[PDB]
Amino acid sequence: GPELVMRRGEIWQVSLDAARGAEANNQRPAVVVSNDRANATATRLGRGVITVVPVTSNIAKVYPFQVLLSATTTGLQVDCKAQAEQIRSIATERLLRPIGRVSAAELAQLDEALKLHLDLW
Amino acid sequence: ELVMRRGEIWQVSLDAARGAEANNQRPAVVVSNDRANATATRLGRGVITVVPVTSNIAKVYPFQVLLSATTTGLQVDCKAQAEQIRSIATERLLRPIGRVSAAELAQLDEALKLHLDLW
């Protein structure tokens, strides 16, 4: 049917609202990193969570578990960096608006960053 | 005392969750690497990534891992939900519970690889 369509690697603005401590809070872009079967399921079941990697414009010092996302490739306003150490499963109701998608190269390094952060090698 | 290491089970406070997100307080498995974890211990504050656990084991998906009560410190058999993975502030940690077995941790690694499309 007309279920929400959503693909790994897409950049969506999401509402993380009420967070504690150093958690990414408020509103920010985030990269979808859950696989696409789960992504379709979370919209047909409508009882769904998807997993995303939040993004910040405070680039500063970049760590090997973070990926630089260029404003030109992604449709973002400014350059940003995906923080694999902020990975979070979100209810689909936190999805606000699609912004774009990362490049294949960016997504591949994001996989590397996730494997480094979660020790999955 | 934030001395959490990978594979350990901690009671975490998942307040302010929305929708189908794991909520309330519950056990969770630390899955962030131990160098990040040790950084958090050393500074006394940080973020750690956990896999929330539910006692509802009515059905087990391939991205979920049944954890046995007999070895983990959990009162009953539970399941770890890779699709609920979540980076939490250290202030959400209430207390330590126990530790998954090595086999359970490796199974959780496979479930995380499946859920996140990491091959």
Side-chain angles (χ1 to χ4, degrees), chain A residues 3-16 18-20 22-43 46 48-58 63 65-69 73-77 80-104 106-118 120, chain B residues 14 16-23 28 31-32 47-52 63 81-89 111-118:
Chain A
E3 282 90 60
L4 164 59
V5 180
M6 188 208 334
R7 308 285 292 285
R8 192 173 193 270
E10 291 185 349
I11 309 176
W12 283 73
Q13 194 86 21
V14 299
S15 181
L16 301 163
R20 293 160 80 169
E23 293 165 6
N25 53 66
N26 184 341
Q27 320 302 299
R28 55 191 54 247
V31 183
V32 177
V33 297
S34 45
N35 72 72
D36 284 338
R37 278 179 42 84
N39 293 336
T41 292
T43 72
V49 282
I50 64 162
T51 304
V52 307
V53 167
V55 142
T56 181
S57 59
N58 291 333
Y63 292 86
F65 41 88
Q66 298 170 338
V67 177
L68 277 188
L69 298 182
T73 68
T74 64
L76 289 156
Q77 190 92 27
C80 297
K81 66 169 183 184
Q83 300 174 270
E85 81 284 2
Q86 291 284 341
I87 180 174
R88 182 177 171 183
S89 305
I90 55 164
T92 56
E93 68 187 69
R94 296 184 184 271
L95 300 168
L96 301 182
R97 177 179 70 95
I99 296 170
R101 66 183 187 273
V102 300
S103 67
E106 284 170 347
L107 188 49
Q109 289 314 126
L110 185 49
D111 297 345
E112 294 307 292
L114 292 167
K115 295 191 241 172
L116 180 67
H117 174 68
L118 303 166
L120 309 173
Chain B
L14 305 177
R18 296 174 56 180
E21 294 164 0
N23 64 43
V31 288
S32 49
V47 294
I48 62 162
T49 303
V50 299
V51 173
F63 44 84
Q81 313 174 85
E83 83 296 354
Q84 290 287 343
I85 182 166
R86 169 158 191 192
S87 297
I88 57 176
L112 289 171
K113 286 171 186 158
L114 203 188
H115 177 62
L116 302 169
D117 218 26
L118 304 179

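To find a chain, count down the sequence lines: A is the first, B the second, and so on, and within it residues start at 1.
Atom NZ of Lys81(A) is separated from atom CG of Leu110(A) by 13.5 Å, given to the nearest 0.5 angstrom. From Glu10(A), atom CD reaches atom CD1 of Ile50(A) across 9.0 Å, with rounding to the nearest 0.5 Å. Considering CZ of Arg8(A) and CG of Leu107(A), their distance stands at 5.0 Å, rounded to 0.5 Å. A distance of 7.5 Å separates CG in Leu4(A) from OG1 in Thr92(A), rounded to the nearest 0.5 Å. Atom-to-atom distance recorded for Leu69(A):CG and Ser57(A):OG is 12.0 Å, nearest 0.5 angstrom.
The shortest side-chain heavy-atom distance between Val67(A) and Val102(A) does not fall under the 4.5 Å cut-off. Counting heavy atoms from C-beta on, the side chains of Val55(A) and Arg28(A) never come closer than 4.5 Å. The shortest distance between side-chain heavy atoms of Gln83(A) and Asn58(A) does not fall below 4.5 Å. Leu95(A) has its side chain within reach of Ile90(A): a pair of non-hydrogen atoms, C-beta onward, lies under 4.5 Å apart. When side chains are defined from C-beta on, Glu106(A) does not count as touching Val31(A), because their heavy atoms never get closer than 4.5 Å.
Annotation for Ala113(A) and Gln66(A): closest pair CB-N, 4.1 Å, computed over non-hydrogen atoms. Taking every heavy atom of both residues into account, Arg86(B) and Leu14(B) meet most closely at NH1-CD2, 4.2 Å. The two residues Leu114(B) and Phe63(B) have their closest heavy-atom pair at CD1-N, 4.2 Å. In terms of heavy atoms, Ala89(B) sits closest to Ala22(A) at CB-N, 4.2 Å. Taking both residues in full, the closest heavy atoms of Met6(A) and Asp36(A) are given as O-OD1, 4.0 Å, listed atom of the first, atom of the second, then distance. Closest heavy-atom contact between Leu112(B) and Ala82(B): CD2-CB, 3.8 Å.
No donor-acceptor pair under 3.5 Å is formed between the side chain of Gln84(B) and the backbone N or O of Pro52(B). Of the possible polar contacts, none joining the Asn35(A) side chain to the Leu116(B) backbone as a donor-acceptor pair under 3.5 Å is found. Listed for the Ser34(A) side chain is a donor-acceptor partner under 3.5 Å among the backbone atoms of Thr51(A). Remark: the backbone N or O of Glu83(B) is paired with a side-chain donor or acceptor of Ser89(A) at under 3.5 angstrom.
Within a 6.0 Å radius of CZ in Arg101(A), other residues, nucleotides and ligands contribute 12 heavy atoms or fewer.
Residue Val32(A) is tested with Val14(A), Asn39(A), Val53(A) for a side chain to side chain contact (heavy atoms under 4.5 Å, CB included); the sole match is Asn39(A).
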- [ ] Kindly indicate, with the supporting measurements, whether the criterion salt bridge (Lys or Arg N to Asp or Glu O under 4.0 Å) is fulfilled by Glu21(B) and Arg94(A).
- [x] CA-CA 11 Å; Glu21(B) 294 164 0; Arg94(A) 296 184 184 271; 2.7 Å; yes

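The salt bridge (charged side-chain N to carboxylate O under 4.0 Å, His left out) test applied to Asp117(B) returns no partner, not counting sequence neighbours.
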